[PDB]
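Note: the block below is upload-v8.tsv and it holds TSV, C-alpha atoms.
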```tsv
chain	number	residue	atom	x	y	z
Y	389	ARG	CA	-135.01	153.45	-43.64
Y	390	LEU	CA	-131.64	152.64	-42.12
Y	391	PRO	CA	-130.34	149.14	-42.98
Y	392	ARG	CA	-129.77	146.40	-40.44
Y	393	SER	CA	-126.44	144.59	-40.25
Y	394	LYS	CA	-124.73	141.54	-38.79
Y	395	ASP	CA	-121.14	140.53	-38.12
Y	396	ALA	CA	-119.72	137.36	-39.67
Y	397	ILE	CA	-116.53	135.40	-38.99
Y	398	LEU	CA	-114.55	133.81	-41.83
Y	399	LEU	CA	-112.04	131.10	-40.87
Y	400	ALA	CA	-109.30	129.16	-42.67
Y	401	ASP	CA	-109.77	129.30	-46.48
Y	402	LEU	CA	-112.90	131.51	-46.35
Y	403	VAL	CA	-110.74	134.59	-45.70
Y	404	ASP	CA	-110.38	136.92	-48.71
Y	405	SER	CA	-113.58	135.43	-50.18
Y	406	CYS	CA	-115.07	138.95	-50.22
Y	407	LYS	CA	-114.17	142.64	-49.95
Y	408	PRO	CA	-116.12	145.81	-49.04
Y	409	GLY	CA	-118.83	146.55	-51.58
Y	410	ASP	CA	-119.37	142.88	-52.49
Y	411	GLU	CA	-123.00	141.75	-52.78
Y	412	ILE	CA	-122.30	138.39	-51.15
Y	413	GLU	CA	-124.60	135.49	-50.31
Y	414	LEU	CA	-123.53	134.08	-46.95
Y	415	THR	CA	-124.30	130.69	-45.41
Y	416	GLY	CA	-123.36	130.26	-41.77
Y	417	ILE	CA	-124.31	129.25	-38.25
Y	418	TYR	CA	-126.23	131.95	-36.38
Y	419	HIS	CA	-124.28	131.91	-33.11
Y	420	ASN	CA	-124.75	133.94	-29.91
Y	421	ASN	CA	-122.71	134.57	-26.78
Y	422	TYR	CA	-122.81	136.67	-23.63
Y	423	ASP	CA	-121.55	140.25	-24.03
Y	424	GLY	CA	-121.27	142.45	-20.95
Y	425	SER	CA	-120.92	145.61	-23.04
Y	426	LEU	CA	-124.29	144.99	-24.70
Y	427	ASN	CA	-125.75	144.15	-21.29
Y	428	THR	CA	-124.72	147.51	-19.84
Y	429	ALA	CA	-125.69	149.31	-23.06
Y	430	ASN	CA	-129.25	147.91	-23.04
Y	431	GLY	CA	-129.72	147.34	-19.31
Y	432	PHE	CA	-130.96	143.81	-20.02
Y	433	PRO	CA	-129.39	140.35	-20.44
Y	434	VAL	CA	-128.87	140.91	-24.17
Y	435	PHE	CA	-126.59	138.45	-25.99
Y	436	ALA	CA	-124.42	139.46	-28.93
Y	437	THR	CA	-124.74	137.47	-32.17
Y	438	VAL	CA	-122.38	136.60	-35.02
Y	439	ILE	CA	-122.53	134.37	-38.11
Y	440	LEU	CA	-119.92	131.61	-38.20
Y	441	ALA	CA	-119.50	131.41	-41.96
Y	442	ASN	CA	-119.69	128.16	-43.93
Y	443	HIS	CA	-120.02	129.39	-47.54
Y	444	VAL	CA	-119.66	132.73	-49.34
Y	445	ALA	CA	-121.03	133.22	-52.86
Y	446	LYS	CA	-121.59	136.46	-54.77
Y	447	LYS	CA	-124.85	137.46	-56.43
Y	448	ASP	CA	-123.11	139.22	-59.36
Y	449	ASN	CA	-120.44	136.53	-59.94
Y	450	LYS	CA	-123.07	133.86	-60.50
Y	451	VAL	CA	-120.54	131.88	-62.61
Y	452	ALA	CA	-116.77	131.61	-62.23
Y	453	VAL	CA	-113.96	129.74	-63.97
Y	454	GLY	CA	-113.10	128.00	-60.69
Y	455	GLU	CA	-116.61	126.45	-60.81
Y	456	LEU	CA	-116.78	125.46	-64.50
Y	457	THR	CA	-117.10	121.71	-65.06
Y	458	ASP	CA	-115.55	119.54	-67.76
Y	459	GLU	CA	-118.93	119.31	-69.49
Y	460	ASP	CA	-119.19	123.11	-69.58
Y	461	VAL	CA	-115.72	123.33	-71.14
Y	462	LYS	CA	-116.63	120.58	-73.62
Y	463	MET	CA	-119.83	122.25	-74.81
Y	464	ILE	CA	-118.10	125.65	-74.95
Y	465	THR	CA	-115.30	124.25	-77.12
Y	466	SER	CA	-117.87	122.44	-79.27
Y	467	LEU	CA	-119.71	125.73	-79.86
Y	468	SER	CA	-116.47	127.39	-80.98
Y	469	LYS	CA	-116.19	124.85	-83.81
Y	470	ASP	CA	-119.27	126.35	-85.49
Y	471	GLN	CA	-118.40	128.85	-88.22
Y	472	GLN	CA	-121.50	130.88	-87.20
Y	473	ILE	CA	-120.16	131.44	-83.66
Y	474	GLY	CA	-119.46	135.13	-84.26
Y	475	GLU	CA	-122.98	135.70	-85.55
Y	476	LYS	CA	-124.44	133.57	-82.75
Y	477	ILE	CA	-122.59	135.62	-80.12
Y	478	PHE	CA	-123.59	138.93	-81.73
Y	479	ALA	CA	-127.23	137.81	-81.94
Y	480	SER	CA	-127.00	136.64	-78.31
Y	481	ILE	CA	-126.32	140.13	-76.88
Y	482	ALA	CA	-129.54	141.76	-75.64
Y	483	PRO	CA	-131.78	139.42	-77.67
Y	484	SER	CA	-134.93	141.38	-76.72
Y	485	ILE	CA	-133.61	144.40	-78.73
Y	486	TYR	CA	-134.45	144.45	-82.44
Y	487	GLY	CA	-131.79	145.59	-84.88
Y	488	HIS	CA	-128.73	147.55	-83.76
Y	489	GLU	CA	-126.47	144.79	-85.09
Y	490	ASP	CA	-123.48	147.14	-85.18
Y	491	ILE	CA	-124.16	148.01	-81.52
Y	492	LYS	CA	-124.37	144.33	-80.57
Y	493	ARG	CA	-121.14	143.65	-82.47
Y	494	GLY	CA	-119.25	146.46	-80.74
Y	495	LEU	CA	-120.62	145.45	-77.35
Y	496	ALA	CA	-119.57	141.84	-77.97
Y	497	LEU	CA	-116.04	142.93	-78.82
Y	498	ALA	CA	-115.94	145.08	-75.67
Y	499	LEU	CA	-117.52	142.36	-73.53
Y	500	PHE	CA	-114.89	139.82	-74.56
Y	501	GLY	CA	-112.06	142.36	-74.74
Y	502	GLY	CA	-108.54	142.41	-76.12
Y	503	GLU	CA	-105.29	141.18	-74.60
Y	504	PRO	CA	-103.22	143.45	-72.29
Y	505	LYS	CA	-99.48	143.47	-72.88
Y	506	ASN	CA	-96.21	145.12	-71.83
Y	507	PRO	CA	-93.57	144.84	-74.58
Y	508	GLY	CA	-90.07	145.16	-73.18
Y	509	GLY	CA	-91.32	145.11	-69.59
Y	510	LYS	CA	-91.24	148.93	-69.61
Y	511	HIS	CA	-94.25	150.12	-71.66
Y	512	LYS	CA	-97.84	149.19	-70.77
Y	513	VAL	CA	-100.78	149.28	-73.17
Y	514	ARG	CA	-104.34	148.38	-72.22
Y	515	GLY	CA	-106.26	145.40	-73.58
Y	516	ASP	CA	-109.75	146.65	-72.70
Y	517	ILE	CA	-112.10	148.19	-75.28
S	577	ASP	CA	-138.35	187.96	-48.00
S	578	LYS	CA	-134.83	186.61	-47.40
S	579	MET	CA	-135.51	183.00	-46.41
S	580	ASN	CA	-133.33	180.53	-48.30
S	581	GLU	CA	-134.58	178.25	-51.08
S	582	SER	CA	-135.09	175.15	-48.92
S	583	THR	CA	-137.15	177.21	-46.48
S	584	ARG	CA	-139.13	178.61	-49.42
S	585	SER	CA	-139.85	175.09	-50.68
S	586	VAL	CA	-140.91	173.68	-47.31
S	587	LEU	CA	-143.06	176.75	-46.66
S	588	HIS	CA	-144.69	176.27	-50.07
S	589	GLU	CA	-145.39	172.68	-49.02
S	590	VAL	CA	-146.90	173.82	-45.71
S	591	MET	CA	-149.04	176.57	-47.24
S	592	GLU	CA	-150.37	174.38	-50.07
S	593	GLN	CA	-150.77	170.97	-48.38
S	594	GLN	CA	-151.06	172.01	-44.69
S	595	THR	CA	-148.46	169.32	-43.88
S	596	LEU	CA	-144.69	169.06	-43.50
S	597	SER	CA	-143.06	165.84	-44.73
S	598	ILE	CA	-139.73	164.76	-43.24
S	599	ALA	CA	-137.45	161.88	-44.29
S	600	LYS	CA	-134.40	162.91	-42.33
S	601	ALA	CA	-132.63	160.16	-40.32
S	602	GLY	CA	-134.72	157.03	-40.85
S	603	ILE	CA	-137.75	158.90	-39.54
S	604	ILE	CA	-140.39	159.05	-42.29
S	605	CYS	CA	-143.54	160.94	-41.32
S	606	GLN	CA	-145.91	163.68	-42.52
S	607	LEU	CA	-146.52	166.15	-39.70
S	608	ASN	CA	-149.72	168.19	-39.61
S	609	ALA	CA	-149.45	171.96	-40.00
S	610	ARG	CA	-152.80	173.76	-40.28
S	611	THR	CA	-151.11	177.07	-39.48
S	612	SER	CA	-152.23	180.54	-40.53
S	613	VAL	CA	-149.17	182.18	-42.10
S	614	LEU	CA	-148.77	185.88	-41.29
S	615	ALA	CA	-145.77	187.37	-43.07
S	616	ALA	CA	-143.65	190.52	-43.16
S	617	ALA	CA	-141.54	191.08	-46.30
S	618	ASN	CA	-139.02	193.85	-46.98
S	619	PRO	CA	-137.95	195.24	-50.36
S	620	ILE	CA	-134.69	193.79	-51.62
S	621	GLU	CA	-133.14	197.28	-51.57
S	622	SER	CA	-133.40	199.78	-48.71
S	623	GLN	CA	-136.55	201.51	-50.04
S	624	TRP	CA	-139.74	200.70	-51.90
S	625	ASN	CA	-139.52	201.25	-55.66
S	626	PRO	CA	-142.82	202.57	-57.15
S	627	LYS	CA	-141.43	201.85	-60.64
S	628	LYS	CA	-141.83	198.11	-59.82
S	629	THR	CA	-144.59	195.87	-58.46
S	630	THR	CA	-144.42	193.84	-55.24
S	631	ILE	CA	-143.12	190.56	-56.67
S	632	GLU	CA	-140.24	192.22	-58.53
S	633	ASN	CA	-139.32	194.38	-55.52
S	634	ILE	CA	-139.31	191.61	-52.88
S	635	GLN	CA	-137.92	188.85	-55.17
S	636	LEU	CA	-140.27	186.10	-53.84
S	637	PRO	CA	-141.74	183.49	-56.23
S	638	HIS	CA	-145.28	183.67	-57.54
S	639	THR	CA	-145.62	180.06	-56.34
S	640	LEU	CA	-145.62	181.50	-52.79
S	641	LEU	CA	-147.29	184.86	-53.44
S	642	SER	CA	-150.35	183.25	-55.06
S	643	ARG	CA	-150.95	181.17	-51.90
S	644	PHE	CA	-151.60	184.31	-49.83
S	645	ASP	CA	-155.22	185.35	-49.39
S	646	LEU	CA	-154.39	189.05	-48.85
S	647	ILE	CA	-151.27	191.12	-49.53
S	648	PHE	CA	-150.98	194.61	-48.00
S	649	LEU	CA	-148.59	197.54	-48.45
S	650	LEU	CA	-147.36	199.20	-45.25
S	651	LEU	CA	-145.44	202.13	-46.77
S	652	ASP	CA	-146.46	205.54	-45.42
S	653	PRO	CA	-147.68	208.46	-47.59
S	654	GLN	CA	-145.41	211.47	-48.02
S	655	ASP	CA	-148.26	213.80	-46.99
S	656	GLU	CA	-147.53	216.45	-44.38
S	657	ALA	CA	-151.00	215.88	-42.94
S	658	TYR	CA	-150.12	212.20	-42.51
S	659	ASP	CA	-146.78	213.09	-40.91
S	660	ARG	CA	-148.41	215.56	-38.51
S	661	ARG	CA	-151.14	213.10	-37.49
S	662	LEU	CA	-148.53	210.36	-37.03
S	663	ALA	CA	-146.41	212.70	-34.90
S	664	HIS	CA	-149.40	213.62	-32.72
S	665	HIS	CA	-150.20	209.91	-32.35
S	666	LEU	CA	-146.60	209.19	-31.34
S	667	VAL	CA	-146.67	212.08	-28.85
S	668	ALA	CA	-149.82	210.54	-27.38
S	669	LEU	CA	-147.96	207.23	-27.15
S	670	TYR	CA	-145.18	209.03	-25.28
S	671	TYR	CA	-147.75	210.53	-22.89
S	672	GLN	CA	-149.43	207.13	-22.40
S	673	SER	CA	-150.28	206.72	-18.70
S	674	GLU	CA	-151.86	204.19	-16.34
S	675	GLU	CA	-155.46	204.88	-17.41
S	676	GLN	CA	-154.65	204.34	-21.09
S	677	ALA	CA	-152.70	201.21	-20.11
S	678	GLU	CA	-155.68	199.80	-18.21
S	679	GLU	CA	-158.04	200.63	-21.08
S	680	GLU	CA	-155.72	198.94	-23.59
S	681	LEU	CA	-155.34	195.85	-21.39
S	682	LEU	CA	-159.12	195.64	-20.91
S	683	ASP	CA	-159.51	195.78	-24.70
S	684	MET	CA	-156.81	193.12	-25.05
S	685	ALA	CA	-158.46	190.79	-22.53
S	686	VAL	CA	-161.92	191.06	-24.08
S	687	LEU	CA	-160.40	190.67	-27.57
S	688	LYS	CA	-158.61	187.45	-26.58
S	689	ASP	CA	-161.75	186.09	-24.91
S	690	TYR	CA	-163.94	187.05	-27.89
S	691	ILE	CA	-161.63	185.33	-30.38
S	692	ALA	CA	-161.34	182.19	-28.24
S	693	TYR	CA	-165.11	181.96	-27.75
S	694	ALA	CA	-165.76	182.47	-31.47
S	695	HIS	CA	-163.30	179.66	-32.19
S	696	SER	CA	-164.91	177.45	-29.57
S	697	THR	CA	-168.59	177.68	-30.63
S	698	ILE	CA	-169.15	179.43	-34.01
S	699	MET	CA	-169.25	177.39	-37.25
S	700	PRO	CA	-170.48	179.51	-40.20
S	701	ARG	CA	-172.30	177.85	-43.10
S	702	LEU	CA	-173.41	179.14	-46.48
S	703	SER	CA	-176.74	180.85	-47.05
S	704	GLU	CA	-178.34	180.93	-50.49
S	705	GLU	CA	-177.71	184.66	-50.86
S	706	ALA	CA	-174.08	184.06	-49.85
S	707	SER	CA	-173.73	181.42	-52.58
S	708	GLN	CA	-175.30	183.70	-55.18
S	709	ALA	CA	-173.15	186.64	-54.07
S	710	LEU	CA	-169.93	184.60	-54.21
S	711	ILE	CA	-170.72	183.20	-57.67
S	712	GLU	CA	-171.67	186.70	-58.83
S	713	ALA	CA	-168.45	188.14	-57.40
S	714	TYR	CA	-166.25	185.59	-59.16
S	715	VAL	CA	-168.11	185.96	-62.46
S	716	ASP	CA	-167.97	189.77	-62.23
S	717	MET	CA	-164.25	189.89	-61.48
S	718	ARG	CA	-163.75	187.39	-64.34
S	719	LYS	CA	-165.83	189.60	-66.67
S	720	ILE	CA	-163.03	192.20	-66.42
S	721	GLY	CA	-160.99	189.82	-68.60
S	722	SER	CA	-163.17	190.71	-71.60
S	723	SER	CA	-160.89	193.74	-71.95
S	724	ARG	CA	-157.50	192.99	-73.57
S	725	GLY	CA	-158.24	189.24	-73.68
S	726	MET	CA	-156.53	188.91	-70.29
S	727	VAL	CA	-157.25	186.72	-67.28
S	728	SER	CA	-158.52	188.87	-64.39
S	729	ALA	CA	-159.15	186.19	-61.73
S	730	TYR	CA	-158.76	182.51	-60.90
S	731	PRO	CA	-160.81	180.12	-58.72
S	732	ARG	CA	-158.49	180.28	-55.71
S	733	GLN	CA	-159.59	183.92	-55.47
S	734	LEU	CA	-163.13	182.58	-54.99
S	735	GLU	CA	-161.93	180.19	-52.28
S	736	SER	CA	-160.12	183.11	-50.63
S	737	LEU	CA	-163.37	185.09	-50.65
S	738	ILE	CA	-165.15	182.10	-49.08
S	739	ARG	CA	-162.55	182.04	-46.29
S	740	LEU	CA	-162.82	185.78	-45.69
S	741	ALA	CA	-166.63	185.75	-45.69
S	742	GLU	CA	-166.71	182.87	-43.19
S	743	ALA	CA	-164.21	184.77	-41.02
S	744	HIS	CA	-166.39	187.90	-41.08
S	745	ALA	CA	-169.49	185.87	-40.18
S	746	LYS	CA	-167.48	184.41	-37.30
S	747	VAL	CA	-166.50	187.94	-36.19
S	748	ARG	CA	-170.16	188.92	-35.72
S	749	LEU	CA	-171.09	185.45	-34.32
S	750	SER	CA	-173.78	184.99	-36.97
S	751	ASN	CA	-173.21	181.22	-37.53
S	752	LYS	CA	-174.63	181.77	-41.06
S	753	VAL	CA	-172.62	183.66	-43.68
S	754	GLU	CA	-174.70	186.00	-45.87
S	755	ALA	CA	-174.40	189.02	-48.17
S	756	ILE	CA	-173.08	191.48	-45.56
S	757	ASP	CA	-170.08	189.21	-44.99
S	758	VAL	CA	-169.60	188.54	-48.70
S	759	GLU	CA	-169.56	192.24	-49.58
S	760	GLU	CA	-167.02	192.95	-46.84
S	761	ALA	CA	-164.91	190.05	-48.13
S	762	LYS	CA	-165.10	191.45	-51.67
S	763	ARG	CA	-164.20	194.95	-50.46
S	764	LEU	CA	-161.14	193.92	-48.44
S	765	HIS	CA	-159.96	191.45	-51.09
S	766	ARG	CA	-160.27	194.04	-53.87
S	767	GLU	CA	-158.40	196.59	-51.76
S	768	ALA	CA	-155.61	194.08	-51.10
S	769	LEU	CA	-155.28	193.39	-54.83
S	770	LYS	CA	-155.37	197.14	-55.54
S	771	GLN	CA	-152.46	197.66	-53.14
S	772	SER	CA	-150.41	194.61	-54.16
S	773	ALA	CA	-151.18	193.75	-57.80
S	774	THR	CA	-150.96	197.33	-59.16
S	775	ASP	CA	-148.67	197.59	-62.16
S	776	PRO	CA	-147.48	201.25	-62.21
S	777	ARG	CA	-148.25	201.62	-65.93
S	778	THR	CA	-151.88	200.37	-65.91
S	779	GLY	CA	-153.05	199.91	-62.29
S	780	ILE	CA	-154.48	196.69	-60.85
S	781	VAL	CA	-153.81	193.64	-63.03
S	782	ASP	CA	-154.38	190.07	-61.87
S	783	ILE	CA	-151.52	188.46	-63.83
S	784	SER	CA	-148.95	190.00	-61.46
S	785	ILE	CA	-149.89	187.41	-58.83
S	786	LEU	CA	-150.11	184.53	-61.33
S	787	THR	CA	-146.66	185.19	-62.83
S	788	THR	CA	-143.85	187.67	-62.37
S	789	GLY	CA	-143.28	190.21	-65.11
S	790	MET	CA	-146.60	191.85	-66.02
S	791	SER	CA	-147.48	192.76	-69.60
S	792	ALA	CA	-145.96	196.25	-69.44
S	793	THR	CA	-142.66	194.58	-68.44
S	794	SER	CA	-142.84	191.44	-70.59
S	795	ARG	CA	-143.62	193.34	-73.83
S	796	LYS	CA	-140.00	194.51	-73.96
S	797	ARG	CA	-139.57	191.20	-75.85
```
Rewrite the structure of this file - the entire thing - as structure tokens.
Amino acid sequence: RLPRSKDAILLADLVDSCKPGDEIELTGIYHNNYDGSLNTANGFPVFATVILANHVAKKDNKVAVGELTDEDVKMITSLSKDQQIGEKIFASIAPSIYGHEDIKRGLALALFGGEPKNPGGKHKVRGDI
Amino acid sequence: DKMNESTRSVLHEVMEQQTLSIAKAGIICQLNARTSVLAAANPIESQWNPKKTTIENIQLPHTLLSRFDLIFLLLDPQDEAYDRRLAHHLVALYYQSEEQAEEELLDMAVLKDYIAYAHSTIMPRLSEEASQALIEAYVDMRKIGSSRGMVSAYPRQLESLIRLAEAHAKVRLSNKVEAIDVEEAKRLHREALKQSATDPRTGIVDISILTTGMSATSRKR
């Protein structure tokens, strides 16, 4: 079936909260107003509608560094003190898969990733794995 | 013969399921199509090739050719008697006049009315001798497979014979299909297979309809 759609208005700081292709989660006021173009298109007193936005989240970016709390940072930095943190992270990738420890290790290294750099300001090399 | 692959697939769907499904532009529906397909297929080249069987000449899939109840060959013999009779018939067509036209239109009118009436009121149903004759026909044409260990028939042939017998009973307005109809169905069906499924090296063989490349062709490998 064809999908339905709605227009939404972002104001002030909510602009640039999303881009095309973003699976957003939008809170807003469902607002309606008279529209003569829709009236002549439908032949009835049909009112256009738009969502006056009040919050935009994303359903893939469920966590972000701009939302991390001091307690989250504290427990993260406490976990890093453990000498088993590498093994814990490797065991934590796809825990419902038995074995494949080398695969989990490689995927952890790719998931965290290296550091991009540009020595001399003239020669780029990627950081991603 | 020269319908494109999408048309071949949708026609296969229509002939097998008697429906046409469409999911085009938000519309999602399954239209009914209980249509009787009557077809005219040319050889791929300009002439018929007696070195090859129907499926290899016309280049249609067996998935479509096995859905047909009857397949007929319309090529003319090379006999001078046939040519002379055809020429006399065509001369008679040239000399067709008002009396022949009125006779033909009378035949056409009564034929249309007869077919419509038979559709409207006749509903054939199986007699015991019809059931025995159909089972006997299928078992007999399967008994040919004792030679060479081959398959010589398949149950959709039996269903085709049921359709043809019911049609013949409807022609004579019997309302009960019996052995006269079943023997005519067997005769016409066997003649259709003789025309269509004849490998040039060995004659009629049923596997030509089931798959392309009969045994005389496939035994190259």
Å distance separating atom CA of residue Y:403 from atom CA of residue Y:457, one decimal place: 24.1 Å
Within 12 Å of chain S: each chain Y residue with its shortest pair, all atoms listed in the file, as JSON lines:
```
{"residue": "Y:389", "atom": "CA", "partner": "S:602", "partner_atom": "CA", "distance": 4.5}
{"residue": "Y:390", "atom": "CA", "partner": "S:602", "partner_atom": "CA", "distance": 5.5}
{"residue": "Y:391", "atom": "CA", "partner": "S:602", "partner_atom": "CA", "distance": 9.3}
{"residue": "Y:392", "atom": "CA", "partner": "S:602", "partner_atom": "CA", "distance": 11.7}
```
State, in Å with one decimal place, the distance from atom CA of residue S:745 to atom CA of residue S:759.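 Distance between the two atoms: 11.4 Å.
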Which one is closest to residue S:794: S:757, S:655, S:775, S:705? Count only C-alpha atoms. S:775
Residue Y:415: which residues within 12 Å, counting all atoms listed in the file, same-chain residues fewer than 3 positions away excluded, as an MDAnalysis selection string? chainID Y and resid 396:398 402 412 418 439:446
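Among the candidate residues S:631, S:782, S:698, S:626, the one lying nearest to residue S:720 is S:782, with distances computed using all atoms listed in the file.
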Expressed in Å to a single decimal, how great is the separation between atom CA of residue S:619 and atom CA of residue S:642?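 So the answer is 17.9 Å.
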Nearby residues (all atoms listed in the file) at most 12 Å from residue S:761, same-chain spacing under 2 positions excluded, as number ranges by chain: S: 645-646, 706, 709-710, 713-714, 733-745, 753-759, 763-768
How would the residues just chosen look if you wrote them out with C-alpha atoms as a tab-separated table (two decimals), in the frame of the given file?
```
chain	number	residue	atom	x	y	z
S	645	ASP	CA	-155.22	185.35	-49.39
S	646	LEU	CA	-154.39	189.05	-48.85
S	706	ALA	CA	-174.08	184.06	-49.85
S	709	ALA	CA	-173.15	186.64	-54.07
S	710	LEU	CA	-169.93	184.60	-54.21
S	713	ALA	CA	-168.45	188.14	-57.40
S	714	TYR	CA	-166.25	185.59	-59.16
S	733	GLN	CA	-159.59	183.92	-55.47
S	734	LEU	CA	-163.13	182.58	-54.99
S	735	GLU	CA	-161.93	180.19	-52.28
S	736	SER	CA	-160.12	183.11	-50.63
S	737	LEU	CA	-163.37	185.09	-50.65
S	738	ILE	CA	-165.15	182.10	-49.08
S	739	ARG	CA	-162.55	182.04	-46.29
S	740	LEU	CA	-162.82	185.78	-45.69
S	741	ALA	CA	-166.63	185.75	-45.69
S	742	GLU	CA	-166.71	182.87	-43.19
S	743	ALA	CA	-164.21	184.77	-41.02
S	744	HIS	CA	-166.39	187.90	-41.08
S	745	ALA	CA	-169.49	185.87	-40.18
S	753	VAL	CA	-172.62	183.66	-43.68
S	754	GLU	CA	-174.70	186.00	-45.87
S	755	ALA	CA	-174.40	189.02	-48.17
S	756	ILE	CA	-173.08	191.48	-45.56
S	757	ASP	CA	-170.08	189.21	-44.99
S	758	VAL	CA	-169.60	188.54	-48.70
S	759	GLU	CA	-169.56	192.24	-49.58
S	763	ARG	CA	-164.20	194.95	-50.46
S	764	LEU	CA	-161.14	193.92	-48.44
S	765	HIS	CA	-159.96	191.45	-51.09
S	766	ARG	CA	-160.27	194.04	-53.87
S	767	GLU	CA	-158.40	196.59	-51.76
S	768	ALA	CA	-155.61	194.08	-51.10
```
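The smallest atom-to-atom distance between residue S:771 and any of S:623, S:643, S:652, S:630, using all atoms listed in the file, is found for S:630.
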Using only C-alpha atoms: which of Y:480, Y:437, Y:428, Y:405 has the shortest distance to residue Y:493: Y:480
Spatial neighbours of residue Y:516, max dist 9 Å, all atoms listed in the file, sep filter under 3 positions, as JSON, numbers by chain: {"Y": [498, 499, 500, 501, 502, 503, 504]}
For stretch 743-780 of chain S of the block above, can you save C-alpha atoms as a tab-separated table (two decimals), in the first residue's frame?
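Resulting contents of selection_4.tsv:
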```
chain	number	residue	atom	x	y	z
S	743	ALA	CA	-18.25	-30.91	-23.50
S	744	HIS	CA	-19.35	-33.66	-25.90
S	745	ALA	CA	-22.28	-34.58	-23.65
S	746	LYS	CA	-23.22	-30.89	-23.65
S	747	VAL	CA	-23.03	-30.85	-27.47
S	748	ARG	CA	-25.71	-33.55	-27.75
S	749	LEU	CA	-27.72	-32.09	-24.79
S	750	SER	CA	-27.60	-35.41	-22.94
S	751	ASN	CA	-27.19	-33.94	-19.41
S	752	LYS	CA	-25.47	-37.25	-18.48
S	753	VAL	CA	-22.01	-38.08	-19.83
S	754	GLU	CA	-21.54	-41.73	-20.84
S	755	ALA	CA	-19.34	-44.00	-22.95
S	756	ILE	CA	-20.14	-42.42	-26.34
S	757	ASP	CA	-18.79	-39.10	-25.07
S	758	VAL	CA	-15.80	-40.71	-23.36
S	759	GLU	CA	-14.75	-42.58	-26.51
S	760	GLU	CA	-15.01	-39.41	-28.59
S	761	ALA	CA	-12.94	-37.59	-25.95
S	762	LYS	CA	-10.31	-40.35	-26.07
S	763	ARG	CA	-10.24	-40.28	-29.88
S	764	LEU	CA	-9.81	-36.52	-30.23
S	765	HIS	CA	-7.30	-36.33	-27.36
S	766	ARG	CA	-5.20	-39.16	-28.79
S	767	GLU	CA	-5.26	-37.52	-32.23
S	768	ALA	CA	-4.14	-34.21	-30.71
S	769	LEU	CA	-1.23	-35.94	-28.95
S	770	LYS	CA	-0.39	-37.81	-32.17
S	771	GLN	CA	-0.17	-34.50	-34.04
S	772	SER	CA	1.65	-32.51	-31.34
S	773	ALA	CA	3.73	-34.91	-29.22
S	774	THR	CA	5.25	-36.88	-32.13
S	775	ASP	CA	9.01	-37.13	-31.90
S	776	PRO	CA	10.21	-37.67	-35.52
S	777	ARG	CA	12.48	-40.57	-34.50
S	778	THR	CA	9.92	-42.68	-32.58
S	779	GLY	CA	6.42	-41.20	-33.06
S	780	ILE	CA	4.08	-40.17	-30.25
```
